[PDB]
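Colleague:
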Amino acid sequence: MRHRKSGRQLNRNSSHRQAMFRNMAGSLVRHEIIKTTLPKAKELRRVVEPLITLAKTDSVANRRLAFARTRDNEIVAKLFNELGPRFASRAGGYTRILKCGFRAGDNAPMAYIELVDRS
Amino acid sequence: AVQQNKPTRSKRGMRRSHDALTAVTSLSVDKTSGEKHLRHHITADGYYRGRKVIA
Amino acid sequence: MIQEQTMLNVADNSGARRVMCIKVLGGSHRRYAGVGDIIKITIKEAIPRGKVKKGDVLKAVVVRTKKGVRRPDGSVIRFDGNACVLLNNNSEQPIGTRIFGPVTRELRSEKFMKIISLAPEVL
Amino acid sequence: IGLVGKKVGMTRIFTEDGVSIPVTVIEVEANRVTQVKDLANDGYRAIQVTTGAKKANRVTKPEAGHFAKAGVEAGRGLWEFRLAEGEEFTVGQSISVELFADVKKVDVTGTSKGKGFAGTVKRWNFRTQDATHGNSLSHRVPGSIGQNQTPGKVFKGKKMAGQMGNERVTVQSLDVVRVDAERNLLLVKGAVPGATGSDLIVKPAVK
Amino acid sequence: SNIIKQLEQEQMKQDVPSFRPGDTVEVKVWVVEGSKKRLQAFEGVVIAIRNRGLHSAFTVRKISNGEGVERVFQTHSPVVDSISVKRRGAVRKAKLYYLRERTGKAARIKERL
RNA sequence: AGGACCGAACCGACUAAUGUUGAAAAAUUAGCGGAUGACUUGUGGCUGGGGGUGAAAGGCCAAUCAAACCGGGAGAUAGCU
RNA sequence: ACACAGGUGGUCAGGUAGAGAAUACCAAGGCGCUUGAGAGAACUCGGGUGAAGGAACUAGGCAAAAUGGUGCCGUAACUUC
RNA sequence: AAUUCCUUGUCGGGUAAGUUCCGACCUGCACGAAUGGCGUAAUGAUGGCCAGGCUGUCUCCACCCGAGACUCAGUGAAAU
RNA sequence: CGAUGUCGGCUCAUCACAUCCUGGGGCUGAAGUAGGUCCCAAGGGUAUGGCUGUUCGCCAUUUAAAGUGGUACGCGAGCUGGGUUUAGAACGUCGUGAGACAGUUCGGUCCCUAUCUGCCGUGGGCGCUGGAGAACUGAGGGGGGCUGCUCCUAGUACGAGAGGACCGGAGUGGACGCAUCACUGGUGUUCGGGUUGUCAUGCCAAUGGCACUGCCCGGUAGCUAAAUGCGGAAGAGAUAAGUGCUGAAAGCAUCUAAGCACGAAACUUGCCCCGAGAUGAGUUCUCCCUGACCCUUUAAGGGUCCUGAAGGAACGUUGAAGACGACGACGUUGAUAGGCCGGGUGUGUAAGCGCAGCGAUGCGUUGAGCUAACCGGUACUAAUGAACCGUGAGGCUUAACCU
Ligand SMILES: [Mg+2]
Ligand SMILES: [Mg+2]
Ligand SMILES: [Mg+2]
Ligand SMILES: [Mg+2]
Ligand SMILES: [Mg+2]
Ligand SMILES: [Mg+2]
Ligand SMILES: [Mg+2]
Ligand SMILES: [Mg+2]
Ligand SMILES: [Mg+2]
Ligand SMILES: [Mg+2]
Ligand SMILES: [Mg+2]
Ligand SMILES: [Mg+2]
Ligand SMILES: [Mg+2]
Ligand SMILES: [Mg+2]
Ligand SMILES: [Mg+2]
Ligand SMILES: [Mg+2]
Ligand SMILES: [Mg+2]
Ligand SMILES: [Mg+2]
Ligand SMILES: [Mg+2]
Ligand SMILES: [Mg+2]
Ligand SMILES: [Mg+2]
Ligand SMILES: [Mg+2]
Ligand SMILES: [Mg+2]
Ligand SMILES: [Mg+2]
Ligand SMILES: [Mg+2]
Ligand SMILES: [Mg+2]
Ligand SMILES: [Mg+2]
Ligand SMILES: [Mg+2]
Ligand SMILES: [Mg+2]
Ligand SMILES: [Mg+2]
Ligand SMILES: [Mg+2]
Ligand SMILES: [Mg+2]
Ligand SMILES: [Mg+2]
Ligand SMILES: [Mg+2]
Ligand SMILES: [Mg+2]
Ligand SMILES: [Mg+2]
Ligand SMILES: [Mg+2]
Ligand SMILES: [Mg+2]
Ligand SMILES: [Mg+2]
Ligand SMILES: [Mg+2]
Ligand SMILES: [Mg+2]
Ligand SMILES: [Mg+2]
Ligand SMILES: [Mg+2]
Ligand SMILES: [Mg+2]
Ligand SMILES: [Mg+2]
Ligand SMILES: [Mg+2]
Ligand SMILES: [Mg+2]
Ligand SMILES: [Mg+2]
Ligand SMILES: [Mg+2]
Ligand SMILES: [Mg+2]
Ligand SMILES: [Mg+2]
Ligand SMILES: [Mg+2]
Ligand SMILES: [Mg+2]
Ligand SMILES: [Mg+2]
Ligand SMILES: [Mg+2]
Ligand SMILES: [Mg+2]
Ligand SMILES: [Mg+2]
Ligand SMILES: [Mg+2]
Ligand SMILES: [Mg+2]
Ligand SMILES: [Mg+2]
Ligand SMILES: [Mg+2]
Ligand SMILES: [Mg+2]
Ligand SMILES: [Mg+2]
Ligand SMILES: [Mg+2]
Ligand SMILES: [Mg+2]
Ligand SMILES: [Mg+2]
Ligand SMILES: [Mg+2]
Ligand SMILES: [Mg+2]
Ligand SMILES: [Mg+2]
Ligand SMILES: [Mg+2]
Ligand SMILES: [Mg+2]
Ligand SMILES: [Mg+2]
Ligand SMILES: [Mg+2]
Ligand SMILES: [Mg+2]
Ligand SMILES: [Mg+2]
Ligand SMILES: [Mg+2]
Ligand SMILES: [Mg+2]
Ligand SMILES: [Mg+2]
Ligand SMILES: [Mg+2]
Ligand SMILES: [Mg+2]
Ligand SMILES: [Mg+2]
Ligand SMILES: [Mg+2]
Ligand SMILES: [Mg+2]
């Protein structure tokens, strides 16, 4: 049973779950605030925060490593250029989960997840 | 796997006694934008704990 | 961890080569046997001119298991082959005079002094 | 009487022999006594103990008034131990860990780790049917739970699926290995109930 | 917890050397035959090193008259006395369990320099 | 060369599991047999009910066959329910 | 009977390995299978791995597991050659 | 023996143990010569048995991945 | 017969005593050991395989013993379907023939979403006579009970010998059960690495996708068993069969009619667990509410204004708690979760550069890089100031203290 385990399964096999997590992280880095369901964003916390922690020290090895994590040169360059110095002086916790109601088609409890240095 | 007699409307009402809903207790009225929302939920205009976060 | 229908090899020069356990002795629903345990074996194969014939039934003490035995510290001693030392059916002494391979220290008692004295090593 | 410890973790103790002992580390703080019950007031001879320290803004006013009239610091719970005849405990006393400076065996009682809605094979140690040889939709189901038409009832206490564990269970006569009067530890040998952070009542042994 | 680590480091040993999995090791341990604490010498390669602090272990495997013998020594136990490294081996792995299905010439290891 | 060999199309249907008020009034999945022949298939024709056709099982003849289906004799008859 | 995992004959047949129209990834192209969100209990279905033992299971090695290719060495009893 | 009741006939091999298997004995209830007898290399999604390899088939199950089951929202049957 | 599915195996069992072991005895053609037979006793325990469809059996080998029966020859709305008892086929025999054979081989669909009772778990309502939070006592129920071997007593008693005790004491095992992850290990499709084919990131380099996690190799936490802790008791009560002491009806005798003592794994207890819905609703402790009127049918009555306590509930962050409820922790006066920092473990020398070789590759940087669930810390984000249910001294009759 689920004693001391961590990581929501989210009704998806593992290849699909990892691929949608890096896709949602790319969408968050581009559009700077996204709106998704609540457990998807609660799992996106511990995925999009290691990218910014990795890019808080800029180097070629960490830049290729974030290219492995996100598979996109735009997300990599936007990270290491703008989301590095903006959250330089920030000891973790770069996202701000805001619950916002429900989705009208399947009653999924929605959530607006943004970066804290948004505005 | 199938029933033996027809159950009364008494038994059907007694079983349905639990499936009735409970209401939302009380909506939090925000202090600085005067509108109702759920607890810990952002409103329709976009306020939550005072400040407008969203477009 | 030796069951019925295991196929032990033989760690003495008594004559057998590949023996098969048939009944562990000691209790009802006795499942396994560690080392230093008396089982009953049949003999599948022999050296041609030996003390034992193929198709007999005689007791044997297990001396080496692949599961290993836990010391009172935790040092378990795996081997690479389940072995045994043949015995007699009534008197229960080892039939052979010379033991191949190593032997554990679990075997040392009042009972198996011949086997622990005739082993080359004790591990 | 006993103590109310909190099971920290399990580890080894080595001796100079070379043996290895599975040792559970029950930390035991100074157990405060809150209320001593006798025959004419209450109905039996038994004391009430408490440990730890709860938040002031989490202890409610009945509990806080109870502790403040009792005269001790606001603990974290309550437990009640019977008094064998020959013990007169004061209401302000604070039972230390050196109570076990003489015993060899203790009896440890705690909440076992709840394993869910465990089935029959996990719970009551049933067996299975075959995984091949024709067997269809019945690899681990219970099986026949009664007889034909007489009884015509499943007998009470029939072994079935339910919630395994999360129940007070007690292990009897574990040997105490060490009493640390400095670190406030009781080092026993074996496998006490409960996970890390469980509350265990440790009593001196009966058998 | 820190309490377990306190009780752990108060009786963990102090002179554990730098054996790497592959470096062949001769261990002198305390065997009691009758009533005599003597030493036995178990020498062989080290195929599995496990670190959990006081619960650490290493699995020395040798060939003692054809029948190979593994033995998982508990490191900080006082039933071992001496650990020595005969030669410095070097594999590109960390737990050499592939050595079991090889014998003789096909289970040597290139030396570390 | 072959009613030869191993094997995809294509024809099947040997075993197992899943379904069986299913996705399906016989199927899916994983394996399986033949796969240049007594093969298989498109399109049109032919044989009509005591009749057809049958490498033969009383099989097939429109989800029906120890004698089809539709109408008529016909409100057959029924010492039976 | 259904916007039904079923059935249906011809023509066109790219890249990389491959013997191949198998197979794996692809291009052009086309789609994501008309209910979703959680939680990660029993139990069931499709699967993966497993100590030590290896048919002891059982009606029965049913099912699974293994063996698998190209070139060379080699090959018995029997035989209608 | 696909024919055999008594019958698990008897003897031998195989196995520690073999109502099945294989080889003989003939006492063929009730085989038998084109409704064929007896042989037989090849062939068999065929029948019976043994052995090597292999393995959760099992001693004894344990964990893990997914689809259901369970909870919320929508639509919503059935045999009885 | 407008149907109750019929042998055997698996899985679950439960009961009886006409007992197979273990417990207690009486007799013995009982020296000891091993026994024979009879009486009390059902708490536990009661085998693996070969052949057959088997139950049964025979056999091999253990065991303390491998109980005898019921329970629809228990159990197919739980499971094979080998046999029996469908349609194919054949052999012997019968019948001229269609066909038949408790004769024989070969092959042959086992459906169901649980309404009610039952049972295993877990909740909502209200009650318990003011309300709320805690601990309890225990009426009553359940669980558990098995035993081998070795040694001491002691080769003593006994016996001519061989052999070999009773009673008691100690250890070490089997089977069963509970607990746990510290050890040995398994798993560990979320960690690390190798590697095949191919596609893509313009290309080399480095990486990612896809092929059951592509195939392997290790493996953290967690769950686990083969792994390691523990259990069964001791003792007390009343006893069964049996043994008695004293003792008369019956001057003797007599275990019994008066009286008393001993006596079993059986029953009540002792050990573990549930447990005040135990409506017989118990006990103790703590905390909180100390305001106004208005009315008629005066009542344990209704309505209005102010008040809203103790606490609960809701919401949120969640948990070694969990199907959903429930239980537990926490809500800025804060470590609950995520992040972050340090660590630990895992994998096993990353990238980039430089050197060496023709080149694959090696060397130096390098035990480097990466590191899920673990450990100790840090408010960086998220756990909002509220609003909501709950009220405002708690009836009558008697009795005891008070004045
Ligand atoms: Mg966690
Ligand atoms: Mg879903
Ligand atoms: Mg994949
Ligand atoms: Mg009726
Ligand atoms: Mg309902
Ligand atoms: Mg749980
Ligand atoms: Mg089984
Ligand atoms: Mg079925
Ligand atoms: Mg199945
Ligand atoms: Mg029934
Ligand atoms: Mg009745
Ligand atoms: Mg051909
Ligand atoms: Mg197919
Ligand atoms: Mg072919
Ligand atoms: Mg006609
Ligand atoms: Mg016919
Ligand atoms: Mg038809
Ligand atoms: Mg007709
Ligand atoms: Mg009519
Ligand atoms: Mg007429
Ligand atoms: Mg559709
Ligand atoms: Mg279609
Ligand atoms: Mg192609
Ligand atoms: Mg293809
Ligand atoms: Mg699942
Ligand atoms: Mg497998
Ligand atoms: Mg295995
Ligand atoms: Mg492995
Ligand atoms: Mg293995
Ligand atoms: Mg066999
Ligand atoms: Mg068998
Ligand atoms: Mg069997
Ligand atoms: Mg098969
Ligand atoms: Mg396979
Ligand atoms: Mg016969
Ligand atoms: Mg014979
Ligand atoms: Mg014959
Ligand atoms: Mg005949
Ligand atoms: Mg004939
Ligand atoms: Mg003739
Ligand atoms: Mg056989
Ligand atoms: Mg619904
Ligand atoms: Mg009938
Ligand atoms: Mg009827
Ligand atoms: Mg009796
Ligand atoms: Mg007698
Ligand atoms: Mg009984
Ligand atoms: Mg009874
Ligand atoms: Mg019976
Ligand atoms: Mg009967
Ligand atoms: Mg029956
Ligand atoms: Mg009968
Ligand atoms: Mg049956
Ligand atoms: Mg039934
Ligand atoms: Mg049949
Ligand atoms: Mg027929
Ligand atoms: Mg008949
Ligand atoms: Mg129900
Ligand atoms: Mg309730
Ligand atoms: Mg009781
Ligand atoms: Mg572990
Ligand atoms: Mg651990
Ligand atoms: Mg491991
Ligand atoms: Mg793995
Ligand atoms: Mg593990
Ligand atoms: Mg690639
Ligand atoms: Mg490249
Ligand atoms: Mg792709
Ligand atoms: Mg007693
Ligand atoms: Mg007298
Ligand atoms: Mg007298
Ligand atoms: Mg008495
Ligand atoms: Mg007893
Ligand atoms: Mg008793
Ligand atoms: Mg603080
Ligand atoms: Mg934290
Ligand atoms: Mg390390
Ligand atoms: Mg790399
Ligand atoms: Mg490098
Ligand atoms: Mg170096
Ligand atoms: Mg490292
Ligand atoms: Mg770290
Ligand atoms: Mg911490």
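Chains as they are written, first to last, in my numbering: chain A, 11 to 129; chain B, 2 to 56; chain C, 1281 to 1403; chain D, -2 to 204; chain E, 64 to 176. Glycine included, each C-beta is placed from N, C-alpha and C at the ideal position.
Output, in chain order, the set of chain A residues within a Cβ distance shorter than 9 Å of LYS112(D).
Modeller: Neighbours of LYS112(D) on chain A, chain order: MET11, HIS13.
Colleague: Against chain C, does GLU130(E) count as a neighbour if the rule is that its beta carbon must be under 7 Å from one of theirs?
Modeller: Cβ-Cβ to chain C under 7 Å: yes for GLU130(E).
Colleague: CA-CA distance, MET7(D) and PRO19(D)?
Modeller: If you take the alpha carbons of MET7(D) and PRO19(D), they lie about 7 Å apart.
Colleague: If you drop the 5 nearest sequence neighbours on each side, which residues of the same chain put their C-beta closer than 7 Å to that of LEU61(A)?
Modeller: The answer, listed in chain order, is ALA35, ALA76, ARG79, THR80, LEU89.
Colleague: What three-state label does DSSP hand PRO59(D) in the structure shown?
Modeller: Residue state, collapsed to three classes: helix.
Colleague: Could you list which residues in chain D have their beta carbon closer than 9 Å to that of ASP1360(C), in chain order?
Modeller: Near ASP1360(C) there are no residues of chain D at all, since even the closest Cβ is about 26 Å away, more than 9 Å.
Colleague: Scan the stretch 1336 to 1353 of chain C for residues whose Cβ lies nearer than 8 Å to a Cβ of chain D and list them as they occur along the chain.
Modeller: Going along the stretch 1336 to 1353 of chain C in chain order, one finds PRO1352, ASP1353 with a Cβ nearer than 8 Å to chain D.
Colleague: Tell me the DSSP secondary structure of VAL142(E) in three-state form.
Modeller: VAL142(E) falls in the coil class under three-state DSSP.
Colleague: Please report how far the alpha carbon of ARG10(B) lies from the alpha carbon of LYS150(D), in whole angstroms.
Modeller: The alpha-carbon atoms of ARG10(B) and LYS150(D) are separated by roughly 28 Å.
Colleague: Measuring only the C-alpha atoms, how far is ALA170(E) from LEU162(E)?
Modeller: C-alpha separation (whole angstroms): 6 Å.
Colleague: Span of the beta strand (DSSP E) holding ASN1289(C)?
Modeller: Start and end: 1287 to 1289.
Colleague: Determine the burial state of residue 178(E): buried for a count of at least 16 other Cβ atoms within 10 Å of its Cβ, exposed for fewer.
Modeller: Nothing in the structure corresponds to residue 178(E), since chain E is present only between 64 and 176.
Colleague: Quick check: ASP172(D) and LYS112(D), are their CB atoms within less than 7 Å of each other?
Modeller: No, these two residues do not count as a Cβ contact at 7 Å.
Colleague: Tell me, please, whether the CB atom of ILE146(E) is closer than 7 Å to any CB atom in chain D?
Modeller: Judged by the 7 Å Cβ criterion, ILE146(E) is not in contact with chain D.
Colleague: In whole angstroms, what separates the C-alpha of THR125(D) from that of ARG137(D)?
Modeller: Approximately 5 Å, taken between the alpha carbons.
Colleague: Please state the DSSP three-state secondary structure of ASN54(D).
Modeller: In this structure, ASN54(D) counts as coil in the three-state DSSP scheme.
Colleague: Unbroken alpha helix (DSSP H) runs of length 4 or more, entirely within the stretch 77 to 161 of chain D: which are they?
Modeller: Fully enclosed alpha helix (DSSP H) runs of 4 or longer: 117 to 120.
Colleague: Mind listing the chain D neighbours of residue 224(E)? Cutoff is C-beta to C-beta under 9 Å, in chain order.
Modeller: No answer is possible for residue 224(E): the residues shown for chain E start at 64 and end at 176.
Colleague: With DSSP run on the structure shown, which of helix, strand or coil describes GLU174(E)?
Modeller: Note: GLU174(E) maps to strand in three-state DSSP.
Colleague: Skipping 5 residues on each side, what residues in its chain have a beta carbon closer than 6 Å to that of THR44(B)?
Modeller: Result list for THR44(B): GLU36, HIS38, in chain order.
Colleague: Quick check on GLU124(A): buried or exposed, where buried means 16 or more other Cβ atoms within 10 Å of its Cβ?
Modeller: Result: buried.
Colleague: Taking 7 Å as the threshold (beta carbon to beta carbon), is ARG134(E) in contact with chain C?
Modeller: For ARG134(E), the answer is yes, since a Cβ of chain C falls inside 7 Å of its Cβ.
Colleague: Taking DSSP as the reference, what is the three-state secondary structure of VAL70(A)?
Modeller: Looking at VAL70(A) - three-state DSSP - the assignment turns out to be helix.
Colleague: Do the CB positions of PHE97(D) and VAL176(D) come within less than 7 Å of each other?
Modeller: Closer than 7 Å, so yes.
Colleague: DSSP state of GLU84(A), grouped into three classes?
Modeller: Of the three classes helix, strand and coil, the one that applies to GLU84(A) here is helix, per DSSP.
Colleague: When the distance is taken between beta carbons, is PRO190(D) closer than 7 Å to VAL174(D)?
Modeller: Not in contact: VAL174(D) and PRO190(D) (Cβ atoms no closer than 7 Å).
Colleague: Between which two residues does the beta strand (DSSP E) containing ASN1293(C) stretch?
Modeller: Segment: none, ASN1293(C) is in no beta strand (DSSP E) and carries neither H nor E.
Colleague: For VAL54(B), I'd like the list of residues in its chain whose CB is within less than 8 Å of its CB, leaving aside the five on either flank, ordered along the chain.
Modeller: Cβ neighbours of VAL54(B) beyond the five flanking positions: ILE43, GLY47, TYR48.
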